[PDB]
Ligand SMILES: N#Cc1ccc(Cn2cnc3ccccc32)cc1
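Heads up, the chain below is alone and in the form solved without the named molecule; it's given as structure tokens.
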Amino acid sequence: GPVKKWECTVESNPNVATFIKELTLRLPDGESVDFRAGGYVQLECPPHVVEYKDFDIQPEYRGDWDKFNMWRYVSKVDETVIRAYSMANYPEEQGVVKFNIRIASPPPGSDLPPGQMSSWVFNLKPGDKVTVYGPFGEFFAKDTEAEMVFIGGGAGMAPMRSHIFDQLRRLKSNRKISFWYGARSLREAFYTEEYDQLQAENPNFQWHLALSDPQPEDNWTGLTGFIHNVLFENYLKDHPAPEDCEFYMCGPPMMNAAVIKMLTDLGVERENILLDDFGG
């Protein structure tokens, strides 16, 4: 049916990684968005000016905001903008829409304008008003009993969380499900306690974190490198029938491309790979 519209209030907007915030919007009037896991809404901003030095960035992330010279950026937006963001909540988490949003700052060294909507999102404080439109979606789980392999990176965590909670807690599914998330270091990993608990509670579910640049403080002895190599070496290379799995992918462009190439090379048919392309 026609697009619905809600004037929401910001409940919380902390960083969950150095360059990713978890934005939670409370819907008005006790309403909920009738969305499906993997779906999205559009957020809108009015004309504005935002200065990055005004952002609230939690303490452990600030050193890299200094290193990346982020505090000098200013974004001037002369007209209303709309952008899609994927729900990180699943449908049984009512009354809110929750997001994982990467700050799309200018490439280091360039003179390009900062990202219009994400810069505005990073200055949202509890109590601010945000207009939301939707729901929309196409990145939906197939209705089968096949093994599921979820692959995520960056703010692609949002539909990954939605999908995984939907399978395990709403559908109470017993399908074989794994989740593979690539990040730079432990400070860039989030929802780790949630996934560890879901693995403890659901013997059909397993997750894996691979770090590309583990930091000394991480004392990391787990998987390292790029997620497409990790998933191949530690699981798919020896899998009896990878072509029988359903793959659900959402990451930054380079990750999407590398994972899809790895899978197609293994003989997985493109029909068995569902991609949520954020268009980065």
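Just count from 1 along the sequence shown to find any residue number.
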Stretch with the higher entry mean CA B-factor, where the candidates are 243 to 251 and 50 to 58
243 to 251
Can you let me know which of the two, 232 to 240 or 63 to 71, has the higher average C-alpha B-factor in the entry?
232 to 240
Tell me, please, which of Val33, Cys45, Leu223, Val41 has the highest C-alpha B factor according to the deposited entry?
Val33
Taking the Cα B-factors listed in the entry, which of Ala146, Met87, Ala84, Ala189 comes out highest?
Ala146
Comparing against every modelled residue in the chain, figure out the third that the C-alpha B-factor of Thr9 lands in (lowest, middle or highest).
middle
B-factor third for the C-alpha atom of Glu93 within its chain:
highest
In terms of the CA temperature factor given in the entry, to which third of its chain does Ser178 belong: lowest, middle or highest?
middle
By its CA B factor, does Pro114 count among the lowest, middle or highest third of the modelled residues in the chain?
lowest
Check where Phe122 lands among this chain's C-alpha B-factors and tell me if it's the lowest, middle or highest third.
lowest
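Beyond what is shown, the protein has a form deposited with the named molecule bound; the following relates to that form.
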Listed residue that, although the named molecule is not shown, lies within 4.5 Å of it in the deposited bound form (heavy atoms), from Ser212, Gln215, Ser32, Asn69
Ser212
Heavy atom within 4.5 Å of the named molecule in the deposited bound form - the one residue of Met148, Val97, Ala183, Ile164 that qualifies
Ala183
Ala37 versus the named molecule, in the deposited bound form: is there a non-hydrogen atom within 4.5 Å?
no
Would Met254 show up as a contact with the named molecule in the deposited bound form if we use heavy atoms at 4.5 Å?
yes
Can you work out whether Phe226 and the named molecule are in contact in the deposited bound form, taking contact to mean some heavy atom pair no more than 4.5 Å apart?
yes
Please run the contact check for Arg187 against the named molecule in the deposited bound form: heavy atoms, 4.5 angstroms, yes or no?
no
Heavy atom contact within 4.5 Å of the named molecule in the deposited bound form, the stretch among 22 to 30, 55 to 63, 240 to 248, 227 to 235
227 to 235
Residues within 4.5 Å of the named molecule in the deposited bound form, restricted to 77 to 105 and counted by heavy atom:
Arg102
